[PDB]
Amino acid sequence: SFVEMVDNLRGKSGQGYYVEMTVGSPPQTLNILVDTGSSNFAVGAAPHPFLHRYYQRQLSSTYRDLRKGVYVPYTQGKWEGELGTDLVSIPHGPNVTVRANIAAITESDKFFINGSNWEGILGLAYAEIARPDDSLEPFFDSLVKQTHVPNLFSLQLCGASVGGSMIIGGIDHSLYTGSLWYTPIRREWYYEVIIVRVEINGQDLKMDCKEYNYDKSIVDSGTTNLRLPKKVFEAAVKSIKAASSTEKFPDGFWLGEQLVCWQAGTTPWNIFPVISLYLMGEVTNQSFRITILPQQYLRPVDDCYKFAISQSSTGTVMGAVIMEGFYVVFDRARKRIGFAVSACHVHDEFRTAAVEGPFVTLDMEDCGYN
Ligand SMILES: CCCCNC(=O)[C@H](C)C[C@H](O)[C@H](CC(C)C)NC(=O)[C@H](CCSC)NC(=O)CCC(C)C
């Protein structure tokens, strides 16, 4: 069953997690980044300095041209290309073949990463944010429509090269401990959720909770950092600075530009606070929390680190540094996202990442931004 899909992801820290796929007939093998923050399936289809291989449409007998161009901008990076369809498989996934939409990337800017080892992107979010428009059926919708694969998938992203699992069509219980806690998908475009409270080392940030979700909060496996709205970012950095005031850092560290180092084995983990994000729950006035350790938001790059919390102008993004602590279930069928402590969690001496509940939280709907 699902055991065949365990450990089917690889990657390099800060460079994304990818799964192996094949496109075309005969099968062309490519590594494809798993991106829950977008909805287009696209692959390099022309030579590029950072590509070791790419998709060759002329060598595939099942390729069909859709005679339509396409462009996709991301927070950082963008590409343009030609739309078409072809047959697609996932060797370490379910045993099926689907005809899916594919954008053949012909030109790009700051999209491909040198040394990343992936040549394409699998947008796993909903058609609502697909380009050129929502009539271009995303890959997972095609998968579910053409096969018996159930309408959900789950991601276990493991940090300190790295690996993980994408379980397509279900949940593998060997991959997490404790209970799964679910938060509603507020609207099916991004995987949008609602954050209802934030605490740092047990102290409430005490902001209007709308600020936490201004102008949206999303879960994105294709973003490295925890990215926070301007006002929230400032409050969070202020609190984290105060907790670590014992030591002194370059001011470019807090902007993610400069790294800090310590002698191997002497990283003062203790002076950096835990961060708790409370998410809206499944019953009235009920929430739960996920707690993040400094080992997650200080990304290893003697031991040197970069600050992996950064400022956003497009809402909160819960990226890899959040997901790495957890097993995350994208339960599209029941419009909810589940969190549990991952089997591959990192080890702090006196502290542990957690998913805990129930909590009572009043007026949660008012935390959503309009
Ligand atoms: C068309 C409408 C949908 C657009 N969606 C997005 O822009 C989502 C929010 C972001 C998307 O996941 C892209 C993926 C990347 C591979 C280009 N990520 C980024 O732009 C982010 C920008 C971070 S700003 C410090 N890139 C990274 O974190 C670097 C690591 C990645 C190579 C894994």
Side-chain angles (χ1 to χ4, degrees), residues 13-14 155-160 162-164 173-181 183 195-206 212 224-226 228 232-233 235-250 253-254 256 258-279 287-310 318-328 338-361:
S13 170
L155 291 173
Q156 180 199 38
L157 307 186
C158 303
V162 296
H173 302 249
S174 69
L175 300 182
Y176 68 96
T177 61
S179 305
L180 275 162
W181 286 85
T183 190
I195 296 168
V196 300
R197 185 180 308 163
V198 181
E199 290 178 337
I200 298 187
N201 266 359
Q203 195 112 173
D204 190 332
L205 275 196
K206 294 165 77 179
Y212 300 143
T224 296
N225 287 358
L226 171 65
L228 299 170
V232 181
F233 174 77
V237 172
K238 184 182 177 198
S239 178
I240 298 171
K241 274 179 173 164
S244 58
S245 60
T246 297
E247 305 226 346
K248 201 57 171 57
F249 312 94
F253 170 76
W254 298 109
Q258 298 175 278
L259 59 163
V260 59
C261 312
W262 291 275
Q263 178 198 147
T266 60
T267 305
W269 294 116
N270 65 122
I271 61 174
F272 293 100
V274 298
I275 299 178
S276 296
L277 308 180
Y278 292 71
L279 301 176
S287 62
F288 68 95
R289 72 184 188 200
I290 65 184
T291 302
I292 306 295
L293 299 182
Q295 286 89 338
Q296 284 166 261
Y297 64 78
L298 301 181
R299 177 168 64 85
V301 297
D302 289 2
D303 300 335
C304 304
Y305 305 91
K306 287 198 167 184
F307 191 54
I309 301 177
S310 58
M318 290 169 60
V321 301
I322 297 308
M323 299 182 62
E324 277 169 11
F326 312 104
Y327 185 48
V328 186
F339 291 83
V341 176
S342 177
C344 69
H345 63 286
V346 294
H347 331 303
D348 188 276
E349 292 247 44
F350 69 115
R351 300 173 300 178
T352 180
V355 185
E356 295 174 313
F359 288 79
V360 59
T361 302

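The first residue of the sequence shown is numbered 1, and numbering continues consecutively from there.
Going from atom CD of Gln295 over to atom NE2 of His345 covers 11.0 Å, rounded to the nearest 0.5 Å. Between atom OG of residue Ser239 and atom CG of residue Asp204 there is a gap of 10.5 Å, rounded to the nearest 0.5 Å. Rounding to the nearest 0.5 Å places CZ of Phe359 at 11.5 Å from CG of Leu279. Separating the CG atom in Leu205 from the OG atom in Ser276 is a distance of 10.5 Å, to the nearest 0.5 Å. Separating the SG atom in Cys344 from the CG atom in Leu157 is a distance of 8.0 Å, to the nearest 0.5 Å.
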Checklist entry - Where do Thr361 and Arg197 land on the side-chain hydrogen bond (donor to acceptor under 3.5 Å, both in side chains) test, with the steps shown first? => result CA-CA 9 Å; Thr361 302; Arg197 185 180 308 163; 3.3 Å; yes
Checklist entry - Would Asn201 and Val274 satisfy side chain to side chain contact (heavy atoms under 4.5 Å, CB included), going step by step from the backbone distance to the final call? => result CA-CA 5 Å; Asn201 266 359; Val274 298; 3.5 Å; yes
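Between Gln296 and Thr291 the shortest heavy-atom distance is OE1-O, 4.3 Å. Residues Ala264 and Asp302 share a closest heavy-atom pair of N-OD1, 3.8 Å. Listed here is the closest heavy atom pair of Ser13 and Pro300: OG-O, 4.0 Å. Closest approach of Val301 and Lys306 over heavy atoms only: CG1-CG, 3.7 Å. Of all heavy-atom pairs spanning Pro273 and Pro294, the tightest one is O-CD, 4.0 Å.
No donor-acceptor pair closer than 3.5 Å links the side chain of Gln203 to the backbone N or O of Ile200. Side-chain atoms of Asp303 come within 3.5 Å of backbone atoms of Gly265 as a donor-acceptor pair (strictly under, hydrogens ignored).
Proximity of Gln156 to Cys158: side-chain heavy atoms (C-beta onward) are separated by under 4.5 Å at one or more points. Between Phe272 and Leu298 there is a side-chain heavy-atom pair separated by less than 4.5 Å. The shortest side-chain heavy-atom distance between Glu199 and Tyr278 falls under the 4.5 Å cut-off. When side chains are defined from C-beta on, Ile240 counts as touching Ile275, because their heavy atoms get closer than 4.5 Å.
Partner of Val341 under the side chain to side chain contact (heavy atoms under 4.5 Å, CB included) criterion, out of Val355, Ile290, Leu180, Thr352: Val355 alone. Each of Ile309, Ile195, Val198 was scored for a side chain to side chain contact (heavy atoms under 4.5 Å, CB included) with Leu228, with one residue passing: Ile309. For the ring-ring contact (aromatic ring centres under 6.0 Å, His included) criterion with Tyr176, the lone passing option out of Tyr327, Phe326, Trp181 is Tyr327.
With a 6.0 Å radius and a threshold of 12 heavy atoms from other residues, nucleotides or ligands, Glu247 has its CD atom above the threshold.
Side-chain contact, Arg299 with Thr224: no donor N or O sits under 3.5 Å from an acceptor N or O.
Note: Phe253 and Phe307 have tilted aromatic rings, judged against thresholds of 30 and 60 degrees for the angle between ring planes.
Aromatic ring centroids of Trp269 and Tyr305 lie under 6.0 Å apart.
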